[PDB]
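Data first, discussion second: the structure below is written as structure tokens.
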Amino acid sequence: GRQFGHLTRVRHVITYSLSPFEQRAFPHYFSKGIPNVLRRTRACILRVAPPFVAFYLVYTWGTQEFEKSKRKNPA
Amino acid sequence: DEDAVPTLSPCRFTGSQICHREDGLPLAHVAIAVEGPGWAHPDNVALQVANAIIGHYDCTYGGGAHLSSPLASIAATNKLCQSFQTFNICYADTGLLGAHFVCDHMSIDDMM
């Protein structure tokens, strides 16, 4: 279902738009663009990054213990 | 006269959209137009002929289904509007050429 004209009630909202043939597809692409990705990165590192390094560490340690274990000195 | 008498500068036509959503009003009003040429241009006559072919409609016109203009006819039988009118507005070197209509919320798409 769904349709358009039966979704919900909206009042007093104007929407100015401009035709795609009158504007640029990539406005300040590098100018405003890159700052935004850095800002999006800041916003999320502390939530995405840590779990992963914990694995990165568990992975390298895990490998070292295993390979070092199949060796032996006395007895 | 003398100094301080300027002329008229041309007006860039843009081509965009302004939507003022207001579900409290009971019928939608829509006006769409391309850029027409100004008063002077010889081709306002052919535009007026084409506009006439499309014509106008209103719910109080007698003759529904049998109206010549296909827009008018399909609008009347299928009840796609309350009214519609073509127009050709003229200004110095530009103008608005198109149509305006008034209809129920579920008929804007078919009407367009």
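What's counted below: heavy atoms across the whole structure, side chains too, no hydrogens, waters or symmetry copies. A, B, ... follow the sequence lines: proteins, then strands. Residue 1 opens every chain.
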Between the main-chain N or O of A:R11 and the side-chain N or O of B:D23, is there a donor-acceptor pair closer than 3.5 Å? no

For B:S16 and A:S17, which heavy atoms make the closest approach, and how far apart are they? CB-O, 3.1 Å

Heavy-atom count check: over 12 atoms from other residues, nucleotides or ligands less than 6.0 Å from B:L8 CG? no

Answer yes if B:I108 and B:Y57 sit in the same cluster of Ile, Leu, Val, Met, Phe, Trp and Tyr residues linked by side chain heavy atoms under 4.5 Å apart, and no otherwise. yes

Would a hydrophobic clustering, with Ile, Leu, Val, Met, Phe, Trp and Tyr connected at side-chain separations under 4.5 Å, put B:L67 with B:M111? yes

So CZ of B:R21 and NE2 of A:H12: to nearest 0.5 Å the spacing works out to 12.0 Å

Relative to chain B, which segment of A:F4 carries a heavy atom at a distance below 4.5 Å: side chain, backbone, both, or neither? backbone

Going hydrophobic residue to hydrophobic residue with side-chain gaps under 4.5 angstrom, can you get from B:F13 over to B:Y91? yes

